[PDB]
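Q: Supplied in structure tokens, the structure appears directly below.
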Amino acid sequence: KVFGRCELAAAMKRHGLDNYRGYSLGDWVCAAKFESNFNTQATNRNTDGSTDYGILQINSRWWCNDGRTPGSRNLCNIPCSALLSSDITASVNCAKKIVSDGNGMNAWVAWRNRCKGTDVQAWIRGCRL
């Protein structure tokens with residue numbers, strides 16, 4: 001499913017992401033935009049052989065099991081395919097564990113490179129929340 005900017009903001013808020021660990025809804029929406037372009041089905045293979053899945057591009061080496069990443073820790077205890085669903089609950093629950101991992105949202109390279117330090121409020125501007 002390809003989310004709309006405001007529809008995603010509302011779904012993330014409903015799932016308790018707004019200001020989770022101090023990160024605004026704008027940070028999370030900005031991260032989804034640049035990680036997957038709001039597409040729940042996005043996947044990207046990495047050179048180390050691992051693969052990133054979903055709207056938040058969660059990596060298979062540590063967070064989910066895709067059956068083809070040797071040395072996977074599967075810290076979110078879920079098959080990576082569960083992260084591509086139209087319902088974002090699994091992606092949200094796993095992201096909460098990642099963001100609490102000690103490095104905050106810096107774990108998402110697109111957020112660090114494209115959202116961090118920018119007017120992230122623009123991402124939820126105009127939305128009925």
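Naming scheme: A, B, ... for chains in displayed order of the structure tokens; residues 1 onward per chain; ligands 1 onward as shown.
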For residue 46 (chain A), please output as a list in words all residues within 12 Å (counting only C-alpha atoms; exclusion window: fewer than 3 positions along the same chain).

A: residues 43, 49, 50, 51, 52, 53, 57, 58, 59, 60, 61 and 69 of chain A

Q: Mind dumping the selected residues with N, CA and C atoms as an mmCIF file, in the first residue's frame?

A:
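Final output, saved to again24.cif:
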```cif
data_model
loop_
_atom_site.group_PDB
_atom_site.id
_atom_site.type_symbol
_atom_site.label_atom_id
_atom_site.label_comp_id
_atom_site.auth_asym_id
_atom_site.auth_seq_id
_atom_site.Cartn_x
_atom_site.Cartn_y
_atom_site.Cartn_z
ATOM 1 N N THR A 43 11.385 -2.915 -0.713
ATOM 2 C CA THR A 43 12.439 -3.767 -0.200
ATOM 3 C C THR A 43 13.678 -3.323 -0.930
ATOM 4 N N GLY A 49 24.388 -8.541 1.938
ATOM 5 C CA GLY A 49 23.449 -9.640 1.742
ATOM 6 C C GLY A 49 22.129 -9.489 2.483
ATOM 7 N N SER A 50 22.070 -8.600 3.469
ATOM 8 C CA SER A 50 20.837 -8.399 4.202
ATOM 9 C C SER A 50 19.885 -7.616 3.306
ATOM 10 N N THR A 51 18.622 -7.504 3.715
ATOM 11 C CA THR A 51 17.601 -6.772 2.953
ATOM 12 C C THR A 51 16.800 -5.877 3.889
ATOM 13 N N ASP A 52 16.406 -4.701 3.393
ATOM 14 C CA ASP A 52 15.591 -3.749 4.145
ATOM 15 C C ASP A 52 14.134 -3.909 3.697
ATOM 16 N N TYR A 53 13.204 -3.940 4.652
ATOM 17 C CA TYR A 53 11.784 -4.160 4.358
ATOM 18 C C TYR A 53 10.793 -3.137 4.866
ATOM 19 N N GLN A 57 11.919 0.510 6.152
ATOM 20 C CA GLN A 57 13.134 -0.183 5.716
ATOM 21 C C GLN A 57 13.930 -0.855 6.835
ATOM 22 N N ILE A 58 13.254 -1.734 7.565
ATOM 23 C CA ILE A 58 13.848 -2.453 8.676
ATOM 24 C C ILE A 58 14.740 -3.580 8.127
ATOM 25 N N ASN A 59 15.968 -3.618 8.633
ATOM 26 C CA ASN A 59 16.989 -4.558 8.188
ATOM 27 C C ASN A 59 16.917 -5.998 8.705
ATOM 28 N N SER A 60 17.119 -6.952 7.798
ATOM 29 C CA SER A 60 17.056 -8.379 8.114
ATOM 30 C C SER A 60 18.211 -8.962 8.938
ATOM 31 N N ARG A 61 19.361 -8.291 8.962
ATOM 32 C CA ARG A 61 20.494 -8.797 9.747
ATOM 33 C C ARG A 61 20.243 -8.779 11.277
ATOM 34 N N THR A 69 19.454 -14.472 5.496
ATOM 35 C CA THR A 69 20.488 -13.594 6.043
ATOM 36 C C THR A 69 21.216 -14.353 7.156
#
```

Q: Please give the complete set of residues from region 18-127 of chain A that DSSP, run on the backbone, assigns to strand (DSSP E or B), formatted as a PyMOL selection string.

A: chain A and resi 20+23+39+43-45+51-53+58-59+65+79

Q: Compile the contact shell of residue 118 (chain A) as a ChimeraX atom specification: residues with an atom at most 10 Å away, counting only C-alpha atoms, same-chain residues fewer than 5 positions apart removed.

A: /A:27,30,111,113

Q: Using only C-alpha atoms, can you tell me which of A:99, A:107, A:10, A:42 comes closest to residue 80 (chain A)?

A: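 Checking each of A:99, A:107, A:10, A:42 against residue 80 (chain A), counting only C-alpha atoms, the winner is A:42.
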
Q: Rank A:110, A:100, A:7, A:12 by their smallest atom-to-atom distance to residue 33 (chain A), using only C-alpha atoms, and report the top residue only.

A: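 Nearest to residue 33 (chain A): A:110.
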
Q: Kindly give the distance, in Å, that separates CA of residue 36 (chain A) and CA of residue 70 (chain A), rounded to a single decimal.

A: 24.3 Å

Q: Between A:44, A:72, A:93, A:81, which residue has the minimum interatomic distance to residue 20 (chain A), considering only C-alpha atoms?

A: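 Nearest candidate to residue 20 (chain A) out of A:44, A:72, A:93, A:81: A:93.
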
Q: Quick one: residues within 10 Å of residue 29 (chain A), only C-alpha atoms counted, chain neighbours fewer than 4 positions away excluded, as a PDB file with C-alpha atoms, in the first residue's frame?

A:
```pdb
ATOM      1  CA  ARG A   5       1.312  11.925   3.718  1.00  0.00           C
ATOM      2  CA  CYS A   6      -1.525  12.790   6.134  1.00  0.00           C
ATOM      3  CA  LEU A   8       0.296   7.893   7.304  1.00  0.00           C
ATOM      4  CA  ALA A   9       0.767  10.632   9.915  1.00  0.00           C
ATOM      5  CA  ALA A  10      -2.632   9.751  11.396  1.00  0.00           C
ATOM      6  CA  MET A  12       1.474   6.514  13.051  1.00  0.00           C
ATOM      7  CA  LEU A  17       4.652   7.037  17.440  1.00  0.00           C
ATOM      8  CA  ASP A  18       4.046  10.763  17.894  1.00  0.00           C
ATOM      9  CA  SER A  24       8.016  14.114  16.582  1.00  0.00           C
ATOM     10  CA  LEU A  25       5.448  12.772  14.140  1.00  0.00           C
ATOM     11  CA  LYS A  33       9.035   9.333   2.914  1.00  0.00           C
ATOM     12  CA  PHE A  34      12.756   9.046   2.286  1.00  0.00           C
ATOM     13  CA  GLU A  35      13.145   5.408   3.266  1.00  0.00           C
ATOM     14  CA  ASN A  37       8.371   6.745  -0.403  1.00  0.00           C
ATOM     15  CA  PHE A  38       5.359   5.751   1.749  1.00  0.00           C
ATOM     16  CA  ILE A  55       7.737   1.597   4.965  1.00  0.00           C
ATOM     17  CA  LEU A  56      10.582   2.042   7.484  1.00  0.00           C
ATOM     18  CA  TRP A 111      16.488  10.305   8.433  1.00  0.00           C
ATOM     19  CA  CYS A 115      15.459  14.808   7.953  1.00  0.00           C
ATOM     20  CA  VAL A 120      10.317  18.302   9.982  1.00  0.00           C
ATOM     21  CA  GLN A 121       7.056  19.980  10.980  1.00  0.00           C
ATOM     22  CA  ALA A 122       6.438  20.591   7.294  1.00  0.00           C
ATOM     23  CA  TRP A 123       5.689  16.884   6.903  1.00  0.00           C
ATOM     24  CA  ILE A 124       2.490  16.982   8.947  1.00  0.00           C
TER      25      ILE A 124
END
```

Q: As a ChimeraX atom specification, which residues of region 1-128 of chain A does DSSP assign to alpha helix (DSSP H)?

A: /A:5-14,25-36,89-99,109-114

Q: Store the residues picked out above, limited to C-alpha atoms, as a compact mmCIF listing (two decimals), in the first residue's frame.

A:
```
# COMPACT_ATOMS: atom_id res chain seq x y z
CA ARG A 5 1.31 11.93 3.72
CA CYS A 6 -1.53 12.79 6.13
CA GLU A 7 -3.06 9.32 6.17
CA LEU A 8 0.30 7.89 7.30
CA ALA A 9 0.77 10.63 9.92
CA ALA A 10 -2.63 9.75 11.40
CA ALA A 11 -1.93 6.00 11.38
CA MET A 12 1.47 6.51 13.05
CA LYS A 13 -0.07 8.82 15.66
CA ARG A 14 -2.81 6.26 16.38
CA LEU A 25 5.45 12.77 14.14
CA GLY A 26 7.20 14.91 11.53
CA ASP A 27 10.46 13.01 12.11
CA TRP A 28 8.71 9.64 11.57
CA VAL A 29 6.78 10.79 8.49
CA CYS A 30 9.95 12.35 7.05
CA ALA A 31 11.76 9.05 7.68
CA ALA A 32 9.08 6.95 5.92
CA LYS A 33 9.03 9.33 2.91
CA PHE A 34 12.76 9.05 2.29
CA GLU A 35 13.15 5.41 3.27
CA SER A 36 10.34 3.91 1.18
CA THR A 89 1.38 -2.24 13.29
CA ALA A 90 4.30 -4.68 12.89
CA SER A 91 6.55 -2.04 11.33
CA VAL A 92 5.63 0.37 14.14
CA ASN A 93 6.20 -2.16 16.96
CA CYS A 94 9.61 -3.07 15.57
CA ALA A 95 10.64 0.57 14.95
CA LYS A 96 9.91 1.31 18.62
CA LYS A 97 12.51 -1.31 19.63
CA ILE A 98 15.02 0.03 17.08
CA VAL A 99 14.64 3.68 18.15
CA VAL A 109 20.30 6.64 7.27
CA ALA A 110 17.71 8.60 5.24
CA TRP A 111 16.49 10.30 8.43
CA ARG A 112 20.03 11.22 9.49
CA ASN A 113 20.87 12.46 5.98
CA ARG A 114 17.62 14.07 4.93
```

Q: A:40, A:47, A:65, A:3: which is nearest residue 77 (chain A), counting only C-alpha atoms?

A: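 Closest residue, counting only C-alpha atoms: A:65.
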
Q: Between CA of residue 84 (chain A) and CA of residue 21 (chain A), what is the distance in Å, rounded to a tenth?

A: 24.0 Å

Q: If we count only C-alpha atoms and set the cut-off at 7 Å, which residues sit around residue 75 (chain A), ignoring sequence neighbours fewer than 6 positions away in its own chain? Please answer as a ChimeraX atom specification.

A: /A:62-64

Q: As an exercise, work out the distance from CA of residue 102 (chain A) to CA of residue 48 (chain A) in Å and give it to one decimal place.

A: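 Rounded to one decimal, the two atoms are 22.7 Å apart.
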